[PDB]
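Chemist: Sharing a structure with you now.
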Amino acid sequence: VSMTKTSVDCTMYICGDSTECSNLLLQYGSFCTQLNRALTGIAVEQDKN
Amino acid sequence: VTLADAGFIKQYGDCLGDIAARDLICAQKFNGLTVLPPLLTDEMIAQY
Amino acid sequence: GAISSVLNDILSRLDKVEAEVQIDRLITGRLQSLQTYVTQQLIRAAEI
Amino acid sequence: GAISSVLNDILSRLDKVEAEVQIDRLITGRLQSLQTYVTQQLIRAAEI
Amino acid sequence: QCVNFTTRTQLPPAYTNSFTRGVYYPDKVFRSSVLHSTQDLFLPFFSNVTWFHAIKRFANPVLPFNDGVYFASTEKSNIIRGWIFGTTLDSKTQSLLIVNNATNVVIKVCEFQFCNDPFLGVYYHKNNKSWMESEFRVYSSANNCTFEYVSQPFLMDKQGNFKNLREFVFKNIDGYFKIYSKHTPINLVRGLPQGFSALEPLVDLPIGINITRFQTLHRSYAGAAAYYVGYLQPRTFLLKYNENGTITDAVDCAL
Amino acid sequence: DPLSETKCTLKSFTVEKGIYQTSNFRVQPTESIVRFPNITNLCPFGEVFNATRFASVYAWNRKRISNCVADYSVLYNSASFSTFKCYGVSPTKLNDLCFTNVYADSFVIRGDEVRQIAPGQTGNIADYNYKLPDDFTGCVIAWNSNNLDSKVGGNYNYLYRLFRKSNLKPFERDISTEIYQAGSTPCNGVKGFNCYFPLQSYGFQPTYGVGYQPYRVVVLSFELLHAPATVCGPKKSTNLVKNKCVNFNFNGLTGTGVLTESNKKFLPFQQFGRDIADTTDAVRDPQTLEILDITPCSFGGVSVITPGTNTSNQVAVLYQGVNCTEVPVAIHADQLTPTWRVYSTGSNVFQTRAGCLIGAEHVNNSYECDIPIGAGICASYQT
Amino acid sequence: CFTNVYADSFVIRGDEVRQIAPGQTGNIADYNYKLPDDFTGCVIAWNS
Ligand SMILES: *[C@@H]1O[C@H](CO)[C@@H](O[C@@H]2O[C@H](CO)[C@@H](O)[C@H](O)[C@H]2NC(C)=O)[C@H](O)[C@H]1NC(C)=O
Ligand SMILES: *[C@@H]1O[C@H](CO)[C@@H](O[C@@H]2O[C@H](CO)[C@@H](O)[C@H](O)[C@H]2NC(C)=O)[C@H](O)[C@H]1NC(C)=O
Ligand SMILES: *[C@@H]1O[C@H](CO)[C@@H](O)[C@H](O)[C@H]1NC(C)=O
Ligand SMILES: *[C@@H]1O[C@H](CO)[C@@H](O)[C@H](O)[C@H]1NC(C)=O
Ligand SMILES: *[C@@H]1O[C@H](CO)[C@@H](O)[C@H](O)[C@H]1NC(C)=O
Ligand SMILES: *[C@@H]1O[C@H](CO)[C@@H](O)[C@H](O)[C@H]1NC(C)=O
Ligand SMILES: *[C@@H]1O[C@H](CO)[C@@H](O)[C@H](O)[C@H]1NC(C)=O
Ligand SMILES: *[C@@H]1O[C@H](CO)[C@@H](O)[C@H](O)[C@H]1NC(C)=O
Ligand SMILES: *[C@@H]1O[C@H](CO)[C@@H](O)[C@H](O)[C@H]1NC(C)=O
Ligand SMILES: *[C@@H]1O[C@H](CO)[C@@H](O)[C@H](O)[C@H]1NC(C)=O
Ligand SMILES: *[C@@H]1O[C@H](CO)[C@@H](O)[C@H](O)[C@H]1NC(C)=O
């Protein structure tokens, strides 16, 4: 009926607790918001199911 | 069905020991991967 | 293809110019790993 | 974006330290070509 | 002083399987509760190791060293005391000498001219309540020399009511010579002991030479002992570290 | 405030009724720890750089530097070095690290040939008498020594090797001078046609050109942050503190975390222990040999519950996966990445299974689910 | 066409000229004249 809800913090996965990595990750634009948005969509769909 | 986390209160002091070394749930959590709980508890599914 | 997989080793061993060439590879590979995982999860979610 | 697509041509015409930078491009583009094929195949498999 | 005491004394090579040995801690990092994968020069599980046994008058052959070596001794009274490594062993090239002499270990790399039978000896219980190693009959010249080290006796001894086993691994990679070790008592007559253990790293040496062939050194005077030679190969192993962080089992990924 | 963070995350000035994820909170470090070994004597770079006479490149000489403090800024600030090029570190950072061994390799070559000392290169030096490994970590330091080292009719002590049956392995040293049988004929005796004495000398008079002149090379080589260290930069160590979030540095292994005494039993040759993700998760302190657990400083997801801007500016905050015995420690006695505190004032705090919800009052009446939190809990706006 | 232009003028030793590149270090780059890491411009030098 459902599967586990997961959310992945893109900055903490990619750049774990470095600011000078986070300042490079910003140069890739929307991709971390797309990833959070997609996983939030899946997570809400599990309660809907 | 043996679950592998359900999001319930993994309150950091569990991830402060040899327990944290033997399980992957603390490694997932520390790398920004978090499981979240379902809206309906298994109580509410059992009631419905 | 970075000099180390651990982010803090790059940032301790290299200065602000040569470090950003190495950190960008880790960003590229890790961002490709998340977009892979989220593609697998979106396709899986359609089966569920 | 490599200087050639023939893997042994790269490994002949350039010496190792920048030949590996040319090989890194063919590895990246071919791995992206497989991740594309497998994404299409997974989405197709869901239609089938 | 060195005298050419007769032939190689027949063909001593015996053979046996390496049941559960020649795995070692692959790097200087702690791990626990993990099945970890590592690729390097390892002794294969159940590999066909060569075996040599003392029976009186003895000789130790010249052996290859291709991609490094596993060496072990089953022992009482420390009959094996070192090794020679090189590609010529006759001063056309440098060569590496390791010895555990009665004062201490010595490590030395020089343009050595060895004697045809490099050996050592003891005079036994000679009134001083001691066993003096009065014979260093190993080499005859050492013209040019480029590294030397000395420290102490390597004698991890109660009274031998169970036989010793000493385990070593030798590698020669990117100009470093790498030595690993472990020791335990054992209680088998001749078979290599079935059971899991892994070697710790002991020394790393900046020698920078071609080693093609290796040898082992007998200490002379009733000493009964035997030694085994395996050859490492480039392979992948999976190691189970327990919660104490010791390699408690392994799988050879190509067995 | 949390509402402003949701507006910023949605990139909108109006927010609809719902629950929104926002930036993960994380307790920031309160002080810096440095722990290098307690070693005091300076490293003998004088013996390496002010040697009276260097080796020939066929017979390059290796010195091992240990148990000492290496102020690499002294070396790197010296304009004496025409080249000072580093391959797995940056020369600024050399003072912030400790190394398990340092090997200095000393030899003389032709200034135009210094280009071949770089790792993975090819040509007669890099092929036949001094090769760096492809993964080389260290610094190649090179300078012209013509005025000290050349002589008026010439200096001729400096052999290189012109032949070899094969390439040498990295950091190999070949002292053999046995005649190179280049032809099909065998060639015992000192020379023959198509059979060569394999070493031949550079010609160096002080008049010969730049690039053809004699250059002294030192190559420093070392390995980093997987083994017990013995050579160190001049960084002062500090009092080790535990059970607080801190910026640590052990032997150059910089990071951020909470330190604690472990029940882990590192073997004598180990200095770091690692987790599943290759991250270091325990360390042996180089001044009191106990093994310390490293844990990341406490963090979690923040999610903001809003009835929507058209209804109200009041919001409630879910610290997801957190027992709120910990959120009252995230008062401003130490810093956090989200600078807003506000809801941390308390009064209306409620532990859910999903984590702790702050700014919403708990009520015993059940209602239809309006905004879903998790684990049976929902929230809504009412009188 | 450029929005504002500034010429910065000074004399140094010829071996110190390398320090005028962006992101460098050494006595001139450290305590004398530092360029920013995102410097847009040209560094021009001649033996005098
Ligand atoms: C021991 O015997 C060997 C021969 O088995 C001797 O080796 C020869 O030594 C002479 C010089 O004395 C050389 O000209 C020969 O070419 C050697 N033969 C070989 C096959 O190498 C050796 O010298 C003897 N040593 C002693 C101390 O008696
Ligand atoms: C939140 O954390 C506190 C401790 O900081 C937990 O309190 C302990 O709970 C156990 C089980 O009921 C008791 O044995 C202890 O005596 C309690 N200690 C204190 C100091 O109160 C609390 O249970 C945790 N809450 C949740 C939901 O996990
Ligand atoms: C391989 O092992 C067998 C014993 O199992 C032994 O008889 C044989 O001599 C070994 N092989 C070789 C090539 O010696
Ligand atoms: C052991 O070897 C070293 C080096 O040759 C020597 O100084 C020492 O005296 C030797 N000990 C004995 C017992 O000969
Ligand atoms: C006993 O030791 C002494 C040196 O202390 C030596 O001169 C003597 O020869 C030794 N005795 C025997 C019988 O070996
Ligand atoms: C781990 O070490 C402790 C203390 O030495 C010991 O009691 C325990 O038995 C060890 N674990 C195993 C699996 O033996
Ligand atoms: C060489 O000697 C001089 C004078 O003693 C000294 O100042 C200099 O620091 C030495 N060179 C190096 C590289 O330290
Ligand atoms: C080592 O010596 C052997 C025998 O002369 C030779 O086959 C091999 O090519 C040499 N290797 C090196 C790296 O010199
Ligand atoms: C370093 O110094 C402390 C005292 O400040 C001392 O207790 C410790 O034993 C020293 N380190 C070593 C490895 O002995
Ligand atoms: C909220 O929206 C309604 C229309 O749906 C409007 O009547 C009302 O005035 C709005 N409230 C505010 C505070 O803007
Ligand atoms: C809810 O009911 C419990 C008794 O089951 C009571 O202790 C608690 O105070 C009530 N909460 C409110 C908000 O009235």
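Residue numbering restarts at 1 in every chain; chains get A, B, ... in the order shown in the structure tokens, and ligands count up from 1 in that same order.
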Hey, what does DSSP flag as strand (DSSP E or B) within segment 4-46 of chain B? Can you give it to me as a list in words?
Modeler: residues 33, 34, 35 and 36 of chain B
Chemist: For the selection just defined, write its residues with N, CA, C and O atoms to a file, as a PDB file, in the first residue's frame.
Modeler:
```pdb
ATOM      1  N   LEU B  33      20.059  11.683   5.465  1.00  0.00           N
ATOM      2  CA  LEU B  33      18.966  10.823   5.023  1.00  0.00           C
ATOM      3  C   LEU B  33      18.056  10.550   6.219  1.00  0.00           C
ATOM      4  O   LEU B  33      18.472   9.900   7.177  1.00  0.00           O
ATOM      5  N   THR B  34      16.818  11.028   6.197  1.00  0.00           N
ATOM      6  CA  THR B  34      15.879  10.787   7.301  1.00  0.00           C
ATOM      7  C   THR B  34      14.628  10.081   6.819  1.00  0.00           C
ATOM      8  O   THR B  34      13.934  10.568   5.927  1.00  0.00           O
ATOM      9  N   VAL B  35      14.298   8.968   7.461  1.00  0.00           N
ATOM     10  CA  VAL B  35      12.968   8.366   7.374  1.00  0.00           C
ATOM     11  C   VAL B  35      11.980   9.222   8.162  1.00  0.00           C
ATOM     12  O   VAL B  35      12.314   9.722   9.236  1.00  0.00           O
ATOM     13  N   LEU B  36      10.755   9.367   7.663  1.00  0.00           N
ATOM     14  CA  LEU B  36       9.657  10.089   8.320  1.00  0.00           C
ATOM     15  C   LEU B  36       8.505   9.126   8.648  1.00  0.00           C
ATOM     16  O   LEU B  36       8.297   8.162   7.908  1.00  0.00           O
TER      17      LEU B  36
END
```
Chemist: Could you list, as a VMD selection string, every residue of chain G that has an atom within 8 Å of an atom of chain F, counting only C-alpha atoms?
Modeler: chain G and resid 15 25 to 27
Chemist: Write to file, as a PDB file, in the first residue's frame, the residues of the selection just made, with N, CA and C atoms.
Modeler:
```
ATOM      1  N   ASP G  15      61.468  38.150  -9.414  1.00  0.00           N
ATOM      2  CA  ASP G  15      61.047  36.840  -8.892  1.00  0.00           C
ATOM      3  C   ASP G  15      59.767  36.924  -8.037  1.00  0.00           C
ATOM      4  N   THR G  25      50.226  33.960  -2.326  1.00  0.00           N
ATOM      5  CA  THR G  25      50.829  34.240  -1.012  1.00  0.00           C
ATOM      6  C   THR G  25      52.357  34.383  -1.129  1.00  0.00           C
ATOM      7  N   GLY G  26      52.987  35.053  -0.169  1.00  0.00           N
ATOM      8  CA  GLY G  26      54.363  35.561  -0.202  1.00  0.00           C
ATOM      9  C   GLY G  26      54.384  37.023   0.255  1.00  0.00           C
ATOM     10  N   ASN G  27      55.533  37.588   0.638  1.00  0.00           N
ATOM     11  CA  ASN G  27      55.590  38.880   1.346  1.00  0.00           C
ATOM     12  C   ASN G  27      54.821  40.027   0.667  1.00  0.00           C
TER      13      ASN G  27
END
```
Chemist: Counting only C-alpha atoms, a student should be able to say which residues of chain A come within 10 Å of chain F; what is the right answer, written as number ranges by chain?
Modeler: A: 7-12, 16-18, 33, 36-37, 40, 44, 47
Chemist: Neighbours of ligand 5 at 7 Å or closer, counting only C-alpha atoms and all ligand atoms: which residues, as a CSV table (one decimal) with N, CA and C atoms, in the first residue's frame?
Modeler:
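Result file follows (out.csv):
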```
chain,number,residue,atom,x,y,z
E,126,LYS,N,78.3,-23.1,27.1
E,126,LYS,CA,79.7,-23.1,27.4
E,126,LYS,C,80.1,-22.3,28.6
E,127,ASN,N,79.8,-22.9,29.8
E,127,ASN,CA,80.2,-22.5,31.2
E,127,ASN,C,79.6,-21.1,31.6
E,128,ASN,N,79.4,-20.2,30.7
E,128,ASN,CA,78.9,-18.8,31.0
E,128,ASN,C,77.4,-18.8,31.2
```
Chemist: Would you name the residues within 9 Å of ligand 7, counting only C-alpha atoms and all ligand atoms, and put them as a list in words?
Modeler: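 Those within range of ligand 7 are residues 44, 45, 46, 47, 48, 49, 50, 51, 74, 75, 78, 80 and 81 of chain F.
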Chemist: Which residues are near segment 14-25 of chain E? Cut-off 9 Å, only C-alpha atoms, ignore same chain within fewer than 4 positions. Put them as a PyMOL selection string.
Modeler: chain E and resi 29+42-53+70-71+167-169+180-181+191-201+228+230+232+237+239+246-247+249-250
Chemist: Just need the residues of chain E within 9 Å of chain F, counting only C-alpha atoms, so spit them out as an MDAnalysis selection string.
Modeler: chainID E and resid 27:32 34 91:94 111 146:147 173:176 200:202 206:210 243:245
Chemist: Can I get the selection written as a PDB file, in the first residue's frame, with N, CA and C atoms?
Modeler:
```pdb
ATOM      1  N   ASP E  27      45.147  -1.811   6.182  1.00  0.00           N
ATOM      2  CA  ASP E  27      45.495  -0.401   6.384  1.00  0.00           C
ATOM      3  C   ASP E  27      45.461  -0.032   7.881  1.00  0.00           C
ATOM      4  N   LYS E  28      46.030   1.124   8.249  1.00  0.00           N
ATOM      5  CA  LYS E  28      46.169   1.571   9.648  1.00  0.00           C
ATOM      6  C   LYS E  28      44.904   2.218  10.249  1.00  0.00           C
ATOM      7  N   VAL E  29      43.718   1.774   9.828  1.00  0.00           N
ATOM      8  CA  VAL E  29      42.406   2.325  10.220  1.00  0.00           C
ATOM      9  C   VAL E  29      41.601   1.324  11.041  1.00  0.00           C
ATOM     10  N   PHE E  30      40.994   1.771  12.138  1.00  0.00           N
ATOM     11  CA  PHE E  30      40.079   0.943  12.921  1.00  0.00           C
ATOM     12  C   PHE E  30      38.693   0.837  12.267  1.00  0.00           C
ATOM     13  N   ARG E  31      38.088  -0.353  12.336  1.00  0.00           N
ATOM     14  CA  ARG E  31      36.710  -0.661  11.922  1.00  0.00           C
ATOM     15  C   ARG E  31      36.119  -1.688  12.880  1.00  0.00           C
ATOM     16  N   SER E  32      34.807  -1.696  13.079  1.00  0.00           N
ATOM     17  CA  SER E  32      34.132  -2.739  13.860  1.00  0.00           C
ATOM     18  C   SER E  32      32.706  -2.985  13.381  1.00  0.00           C
ATOM     19  N   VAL E  34      31.581  -4.700  10.805  1.00  0.00           N
ATOM     20  CA  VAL E  34      31.492  -4.433   9.360  1.00  0.00           C
ATOM     21  C   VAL E  34      32.132  -5.540   8.531  1.00  0.00           C
ATOM     22  N   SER E  91      76.803  -8.701  -5.634  1.00  0.00           N
ATOM     23  CA  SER E  91      77.342  -7.339  -5.794  1.00  0.00           C
ATOM     24  C   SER E  91      77.294  -6.720  -7.203  1.00  0.00           C
ATOM     25  N   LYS E  92      76.660  -7.373  -8.181  1.00  0.00           N
ATOM     26  CA  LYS E  92      76.205  -6.705  -9.417  1.00  0.00           C
ATOM     27  C   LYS E  92      75.013  -5.758  -9.179  1.00  0.00           C
ATOM     28  N   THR E  93      74.273  -5.937  -8.082  1.00  0.00           N
ATOM     29  CA  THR E  93      73.197  -5.047  -7.609  1.00  0.00           C
ATOM     30  C   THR E  93      73.238  -4.892  -6.093  1.00  0.00           C
ATOM     31  N   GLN E  94      72.538  -3.891  -5.563  1.00  0.00           N
ATOM     32  CA  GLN E  94      72.197  -3.829  -4.141  1.00  0.00           C
ATOM     33  C   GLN E  94      71.381  -5.058  -3.714  1.00  0.00           C
ATOM     34  N   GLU E 111      75.558  -3.233  -1.597  1.00  0.00           N
ATOM     35  CA  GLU E 111      76.104  -3.970  -2.739  1.00  0.00           C
ATOM     36  C   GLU E 111      76.714  -5.339  -2.335  1.00  0.00           C
ATOM     37  N   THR E 146      73.501   1.905   1.508  1.00  0.00           N
ATOM     38  CA  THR E 146      72.596   3.068   1.368  1.00  0.00           C
ATOM     39  C   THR E 146      71.491   3.172   2.416  1.00  0.00           C
ATOM     40  N   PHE E 147      71.233   2.130   3.204  1.00  0.00           N
ATOM     41  CA  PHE E 147      70.382   2.218   4.393  1.00  0.00           C
ATOM     42  C   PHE E 147      70.800   1.152   5.403  1.00  0.00           C
ATOM     43  N   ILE E 173      56.676  -2.506  -2.791  1.00  0.00           N
ATOM     44  CA  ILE E 173      55.754  -1.728  -3.634  1.00  0.00           C
ATOM     45  C   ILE E 173      56.067  -0.230  -3.574  1.00  0.00           C
ATOM     46  N   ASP E 174      56.109   0.440  -4.731  1.00  0.00           N
ATOM     47  CA  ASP E 174      56.368   1.887  -4.867  1.00  0.00           C
ATOM     48  C   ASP E 174      57.550   2.393  -4.010  1.00  0.00           C
ATOM     49  N   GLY E 175      58.628   1.606  -3.958  1.00  0.00           N
ATOM     50  CA  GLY E 175      59.861   1.894  -3.223  1.00  0.00           C
ATOM     51  C   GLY E 175      59.841   1.614  -1.716  1.00  0.00           C
ATOM     52  N   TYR E 176      58.719   1.181  -1.147  1.00  0.00           N
ATOM     53  CA  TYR E 176      58.631   0.771   0.250  1.00  0.00           C
ATOM     54  C   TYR E 176      58.618  -0.743   0.367  1.00  0.00           C
ATOM     55  N   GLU E 200      49.168  -8.012  11.901  1.00  0.00           N
ATOM     56  CA  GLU E 200      49.340  -6.572  12.077  1.00  0.00           C
ATOM     57  C   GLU E 200      50.536  -6.061  11.254  1.00  0.00           C
ATOM     58  N   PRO E 201      50.552  -4.796  10.807  1.00  0.00           N
ATOM     59  CA  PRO E 201      51.738  -4.184  10.215  1.00  0.00           C
ATOM     60  C   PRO E 201      52.783  -3.890  11.300  1.00  0.00           C
ATOM     61  N   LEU E 202      54.050  -4.227  11.047  1.00  0.00           N
ATOM     62  CA  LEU E 202      55.129  -4.085  12.031  1.00  0.00           C
ATOM     63  C   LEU E 202      56.141  -3.017  11.622  1.00  0.00           C
ATOM     64  N   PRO E 206      62.436   2.119   3.638  1.00  0.00           N
ATOM     65  CA  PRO E 206      62.556   2.934   2.426  1.00  0.00           C
ATOM     66  C   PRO E 206      63.656   2.460   1.456  1.00  0.00           C
ATOM     67  N   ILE E 207      63.759   1.151   1.247  1.00  0.00           N
ATOM     68  CA  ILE E 207      64.889   0.511   0.565  1.00  0.00           C
ATOM     69  C   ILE E 207      65.011   0.883  -0.917  1.00  0.00           C
ATOM     70  N   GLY E 208      63.913   0.914  -1.674  1.00  0.00           N
ATOM     71  CA  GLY E 208      63.934   1.331  -3.083  1.00  0.00           C
ATOM     72  C   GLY E 208      64.692   0.411  -4.054  1.00  0.00           C
ATOM     73  N   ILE E 209      64.585  -0.921  -3.909  1.00  0.00           N
ATOM     74  CA  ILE E 209      65.280  -1.895  -4.783  1.00  0.00           C
ATOM     75  C   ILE E 209      64.367  -2.961  -5.407  1.00  0.00           C
ATOM     76  N   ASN E 210      64.784  -3.460  -6.568  1.00  0.00           N
ATOM     77  CA  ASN E 210      64.331  -4.693  -7.188  1.00  0.00           C
ATOM     78  C   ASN E 210      64.631  -5.909  -6.301  1.00  0.00           C
ATOM     79  N   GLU E 243      32.671  -6.683  16.788  1.00  0.00           N
ATOM     80  CA  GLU E 243      32.470  -5.443  17.549  1.00  0.00           C
ATOM     81  C   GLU E 243      33.727  -4.962  18.292  1.00  0.00           C
ATOM     82  N   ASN E 244      34.655  -5.863  18.630  1.00  0.00           N
ATOM     83  CA  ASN E 244      35.984  -5.496  19.127  1.00  0.00           C
ATOM     84  C   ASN E 244      36.923  -4.984  18.024  1.00  0.00           C
ATOM     85  N   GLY E 245      36.535  -5.080  16.753  1.00  0.00           N
ATOM     86  CA  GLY E 245      37.306  -4.565  15.627  1.00  0.00           C
ATOM     87  C   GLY E 245      38.468  -5.451  15.184  1.00  0.00           C
TER      88      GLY E 245
END
```
Chemist: Quick one, how far is atom 11 (N, counted along the ligand's line) of ligand 11 from atom CA of residue 342 of chain F?
Modeler: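 The value is 24.2 Å.
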Chemist: Just need the residues of chain C within 12 Å of chain B, counting only C-alpha atoms, so spit them out as a ChimeraX atom specification.
Modeler: /C:30,34,37
Chemist: Just asking: which residues within chain C are alpha helix (DSSP H) according to DSSP, as a ChimeraX atom specification?
Modeler: /C:7-13,16-47
Chemist: Identify all chain F residues at most 9 Å from chain C by counting only C-alpha atoms; ligands do not count. Present them as an MDAnalysis selection string.
Modeler: chainID F and resid 88:94 96:97 135 224:225 252:255 278:280
Chemist: In Å to one decimal, how far is atom CA of residue 118 of chain E from atom CA of residue 139 of chain E?
Modeler: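 It comes out at 6.8 Å.
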Chemist: Could you state the separation of atom CA of residue 85 of chain E and atom CA of residue 171 of chain E in Å, given to one decimal place?
Modeler: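 Atom CA of residue 171 of chain E lies at a distance of 11.2 Å from atom CA of residue 85 of chain E.
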Chemist: Quick one: residues within 8 Å of segment 155-164 of chain F, only C-alpha atoms, excluding same-chain residues fewer than 4 positions away - as a list in words?
Modeler: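 Once the adjacent positions are removed, what remains is residues 55, 56, 57, 58, 108, 124, 125, 128, 129, 149, 150, 151, 180, 198, 199, 200, 201, 202, 203, 204 and 205 of chain F.
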Chemist: So that each row is one residue of chain G with an atom at most 12 Å from chain C, can you give its shortest atom pair and the distance in Å to one decimal, using only C-alpha atoms, rows by chain and rising number, as CSV?
Modeler:
```
residue,atom,partner,partner_atom,distance
G:21,CA,C:17,CA,12.0
G:22,CA,C:17,CA,9.5
G:23,CA,C:17,CA,7.1
G:24,CA,C:17,CA,9.5
G:25,CA,C:15,CA,10.7
G:36,CA,C:17,CA,11.6
G:37,CA,C:17,CA,8.0
G:38,CA,C:17,CA,10.4
```
Chemist: With N, CA and C atoms retained, could you export that selection as an mmCIF file, in the first residue's frame?
Modeler:
```
data_model
loop_
_atom_site.group_PDB
_atom_site.id
_atom_site.type_symbol
_atom_site.label_atom_id
_atom_site.label_comp_id
_atom_site.auth_asym_id
_atom_site.auth_seq_id
_atom_site.Cartn_x
_atom_site.Cartn_y
_atom_site.Cartn_z
ATOM 1 N N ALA G 21 49.640 37.488 -9.271
ATOM 2 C CA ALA G 21 48.486 36.679 -9.665
ATOM 3 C C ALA G 21 47.439 36.546 -8.525
ATOM 4 N N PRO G 22 46.136 36.407 -8.821
ATOM 5 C CA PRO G 22 45.103 36.311 -7.795
ATOM 6 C C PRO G 22 45.241 35.042 -6.961
ATOM 7 N N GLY G 23 44.825 35.109 -5.700
ATOM 8 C CA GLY G 23 44.891 33.981 -4.764
ATOM 9 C C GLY G 23 46.297 33.559 -4.304
ATOM 10 N N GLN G 24 47.352 34.294 -4.660
ATOM 11 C CA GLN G 24 48.735 34.014 -4.241
ATOM 12 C C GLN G 24 49.053 34.403 -2.791
ATOM 13 N N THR G 25 50.226 33.960 -2.326
ATOM 14 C CA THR G 25 50.829 34.240 -1.012
ATOM 15 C C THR G 25 52.357 34.383 -1.129
ATOM 16 N N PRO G 36 41.931 40.133 -5.056
ATOM 17 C CA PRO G 36 40.834 39.270 -4.641
ATOM 18 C C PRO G 36 40.772 38.003 -5.502
ATOM 19 N N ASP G 37 40.233 36.899 -4.989
ATOM 20 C CA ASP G 37 40.240 35.629 -5.734
ATOM 21 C C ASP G 37 39.390 35.680 -7.019
ATOM 22 N N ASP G 38 38.377 36.546 -7.067
ATOM 23 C CA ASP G 38 37.516 36.808 -8.222
ATOM 24 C C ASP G 38 37.979 38.014 -9.057
#
```
Chemist: Within 10 Å of ligand 11 (counting only C-alpha atoms and all ligand atoms), which residues show up? I'd like them as a list in words.
Modeler: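 Checked against 10 Å with only C-alpha atoms and all ligand atoms; the hits are residues 361, 362, 363, 364 and 365 of chain F.
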Chemist: Chain A near chain C within 8 Å: what's each residue's closest atom pair and its distance in Å to one decimal, counting only C-alpha atoms, ordered by chain then ascending residue number, as a tab-separated table?
Modeler:
```
residue	atom	partner	partner_atom	distance
A:1	CA	C:48	CA	6.3
A:2	CA	C:48	CA	6.0
A:3	CA	C:48	CA	7.0
A:13	CA	C:30	CA	7.8
A:14	CA	C:30	CA	5.8
A:15	CA	C:7	CA	7.3
A:16	CA	C:7	CA	7.8
A:18	CA	C:8	CA	7.8
A:21	CA	C:23	CA	6.6
A:24	CA	C:24	CA	7.2
A:25	CA	C:27	CA	6.8
A:35	CA	C:38	CA	6.8
A:38	CA	C:38	CA	7.3
A:39	CA	C:38	CA	7.0
A:42	CA	C:45	CA	6.5
```
Chemist: With N, CA and C atoms kept, could you save the residues just selected as an mmCIF file, in the first residue's frame?
Modeler:
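Result written to again20.cif:
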```
data_model
loop_
_atom_site.group_PDB
_atom_site.id
_atom_site.type_symbol
_atom_site.label_atom_id
_atom_site.label_comp_id
_atom_site.auth_asym_id
_atom_site.auth_seq_id
_atom_site.Cartn_x
_atom_site.Cartn_y
_atom_site.Cartn_z
ATOM 1 N N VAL A 1 0.841 -1.204 0.000
ATOM 2 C CA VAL A 1 0.000 0.000 0.000
ATOM 3 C C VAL A 1 0.868 1.243 0.000
ATOM 4 N N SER A 2 1.954 1.226 0.750
ATOM 5 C CA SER A 2 2.884 2.334 0.833
ATOM 6 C C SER A 2 4.304 1.814 0.958
ATOM 7 N N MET A 3 5.249 2.733 0.957
ATOM 8 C CA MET A 3 6.657 2.491 1.203
ATOM 9 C C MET A 3 7.173 3.550 2.178
ATOM 10 N N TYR A 13 23.912 15.912 2.744
ATOM 11 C CA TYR A 13 24.432 14.799 1.963
ATOM 12 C C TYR A 13 25.643 15.224 1.127
ATOM 13 N N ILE A 14 25.493 16.252 0.289
ATOM 14 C CA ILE A 14 26.520 16.663 -0.671
ATOM 15 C C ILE A 14 27.716 17.321 0.020
ATOM 16 N N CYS A 15 27.477 18.248 0.945
ATOM 17 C CA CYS A 15 28.445 19.198 1.495
ATOM 18 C C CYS A 15 28.610 19.140 3.021
ATOM 19 N N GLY A 16 28.267 18.017 3.653
ATOM 20 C CA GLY A 16 28.089 17.850 5.100
ATOM 21 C C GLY A 16 28.885 18.792 6.006
ATOM 22 N N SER A 18 30.176 21.805 5.683
ATOM 23 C CA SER A 18 31.088 22.794 5.085
ATOM 24 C C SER A 18 30.337 23.928 4.392
ATOM 25 N N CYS A 21 31.922 24.344 0.600
ATOM 26 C CA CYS A 21 31.211 23.454 -0.309
ATOM 27 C C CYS A 21 29.799 23.956 -0.619
ATOM 28 N N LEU A 24 29.657 26.450 -3.378
ATOM 29 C CA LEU A 24 29.763 25.853 -4.709
ATOM 30 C C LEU A 24 28.449 25.196 -5.117
ATOM 31 N N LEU A 25 27.780 24.506 -4.195
ATOM 32 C CA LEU A 25 26.524 23.816 -4.462
ATOM 33 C C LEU A 25 25.440 24.789 -4.932
ATOM 34 N N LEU A 35 15.014 17.975 -5.863
ATOM 35 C CA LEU A 35 15.163 16.719 -5.130
ATOM 36 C C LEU A 35 14.275 16.692 -3.878
ATOM 37 N N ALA A 38 10.511 16.551 -5.106
ATOM 38 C CA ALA A 38 10.202 15.209 -5.584
ATOM 39 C C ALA A 38 10.020 14.209 -4.440
ATOM 40 N N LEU A 39 10.933 14.177 -3.469
ATOM 41 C CA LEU A 39 10.805 13.318 -2.296
ATOM 42 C C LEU A 39 9.619 13.703 -1.407
ATOM 43 N N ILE A 42 6.517 12.207 -3.172
ATOM 44 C CA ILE A 42 6.456 10.774 -2.863
ATOM 45 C C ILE A 42 5.950 10.548 -1.443
#
```
